[PDB]
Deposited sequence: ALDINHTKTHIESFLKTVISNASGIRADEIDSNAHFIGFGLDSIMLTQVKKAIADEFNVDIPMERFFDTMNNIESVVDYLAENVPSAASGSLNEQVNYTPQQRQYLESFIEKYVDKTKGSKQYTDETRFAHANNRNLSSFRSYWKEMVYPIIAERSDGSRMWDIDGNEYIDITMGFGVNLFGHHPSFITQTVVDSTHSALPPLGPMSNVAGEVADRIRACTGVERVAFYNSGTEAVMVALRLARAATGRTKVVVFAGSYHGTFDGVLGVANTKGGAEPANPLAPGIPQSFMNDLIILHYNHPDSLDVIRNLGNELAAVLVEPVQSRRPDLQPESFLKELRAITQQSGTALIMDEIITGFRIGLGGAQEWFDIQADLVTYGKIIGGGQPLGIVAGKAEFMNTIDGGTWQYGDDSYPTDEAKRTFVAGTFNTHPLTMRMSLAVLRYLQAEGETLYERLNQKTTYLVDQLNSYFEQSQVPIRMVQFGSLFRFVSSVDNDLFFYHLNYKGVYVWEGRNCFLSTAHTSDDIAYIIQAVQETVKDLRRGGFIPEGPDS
């Protein structure tokens, strides 16, 4: 995606490394001649580029046609008439099946700015790049504005554990229209029970309510920083922690304790200076954290990365727990996808690790917007300044560590009621709800790999609880067009999910729709 920003920052550190000038000083457009580089400096720079890229640029170019970083970036940024006639007639039958979605997207592109209108954009199939617009949904099905049914394995990006509009959720909304709901303004009469139930479900000691996962992450870091008096923070390459700037970064090349590089335009490097990216599940990284000792305010890990539902790095995490625990560093587990999905107690319970702060979201909102930060009082006390009682003469003891948090829509009266219902339902259903969801998901992946193995197809399915992804070398973007044409709705992020509402016939139509589609390009020349 945002590659040129990454290429620019890579050279800006390669140059800075070989020459000695601080990178916050290297104009990206200045001609190379004026940096005054040695000939070994220039071969070393030529080498890092031959390594990290395919290209071998003759150093003469640096003095002629590629005389500044900007121009190296633009250069460094770089079909059978058999296959053509299959897709030419695909793009046809496709676009004709979803023409309403394309018309609605064309008609609202400008007035409604949304980065999802761009996903899987390519200059040559631009006649078929637009999101699918939905009109309705129920259980595991979804209907687009053309009328096409879908089996939904997107499930609101993981929100809808129980499918769309499960009966107990609908009745909660219906109940809220009759009962003259308390308003925003005064405090929730229901957040108390939601928290208690969460504490019982998960082991955490105190619980706080925000408006999204991004907000929950943002606030968690602020809590680790306020409690440790520290400022630096490690997160891991490939994790996803929301869109708060202070976590939107990339790994500074061959860096250990080295500040990170911005992910994309508009993220200023100032926001990166208290952030370190390290590789996940590689023993070197614990050493760097160990090396940092009493430096880190926090380590923030996505227990199981939504990108790699395979990497279930048990050993890493317990090791990660020991390290952070003796250095007084807060361990922050991001359970926004896995919490209340792998099991009622989350990743913390599945890996038998107890973190200092966790963040929840997605499922725990019942369909409504929600982000939560919860954990030990030692940090949570930064939110209110510590417990106290009436009748004694106590006081917020952490008053001088108390930070700033707020929010208009915190503990929203409807949202708190939808959460409350999710938890009651989950504590009413047994462990056996999760066992039946996981085992349903295992079946689907097993019986998919078994079809891939028996006919030698470059596709494998990966899994953690009910979260599963495809892994293949074939052109995914086009494969997933075929699924979505085949009535199996998969958003562009390709995080797939099953719900308790997915039946036998849904589990079938999925395994089938991909069987027919591997047969659809086999017979199109994409084996």
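- By the record, the deposited chain contains unmodelled runs at 1-4, 83-97, 547-552, with no C-alpha atoms placed there.
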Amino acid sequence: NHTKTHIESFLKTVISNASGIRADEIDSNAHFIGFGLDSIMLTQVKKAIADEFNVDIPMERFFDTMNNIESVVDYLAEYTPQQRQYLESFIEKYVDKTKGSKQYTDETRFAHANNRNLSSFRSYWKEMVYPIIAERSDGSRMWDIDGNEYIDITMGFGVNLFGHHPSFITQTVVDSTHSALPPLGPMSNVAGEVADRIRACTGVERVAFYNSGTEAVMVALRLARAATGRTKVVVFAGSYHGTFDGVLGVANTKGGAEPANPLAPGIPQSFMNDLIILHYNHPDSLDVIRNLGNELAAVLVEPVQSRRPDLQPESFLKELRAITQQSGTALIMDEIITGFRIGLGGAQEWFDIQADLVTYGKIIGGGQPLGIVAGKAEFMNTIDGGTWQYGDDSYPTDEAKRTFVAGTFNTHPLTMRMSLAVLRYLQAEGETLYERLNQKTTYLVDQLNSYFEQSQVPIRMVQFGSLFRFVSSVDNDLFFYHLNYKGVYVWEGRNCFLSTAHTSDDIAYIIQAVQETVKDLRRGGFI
From here on, numbers count along this sequence of modelled residues.
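- Of the two segments examined, 495-503 and 54-62, it is 54-62 that shows the higher average Cα temperature factor in the deposited entry.
- Higher mean CA B-factor, judged across 28-36 and 41-49 from the recorded values: 41-49.
- Across the residues 431, 334, 384, 392, the deposited record lists the maximum Cα B factor for 392.
- Out of 177, 368, 120, 306, the entry records its largest CA B-factor for 120.
- Per-chain ranking of the deposited C-alpha B factor places residue 409 in the lowest third.
- Sorting the modelled residues of the chain by their CA temperature factor places residue 126 in the highest third.
- In the PDB entry, a CA B factor belonging to the lowest third of its chain's modelled residues is recorded for residue 418.
- When the CA B factors of the chain's modelled residues are split into thirds, the value for residue 259 lands in the middle one.
- Sort the modelled residues of the chain by CA B factor and residue 463 lands in the middle third.
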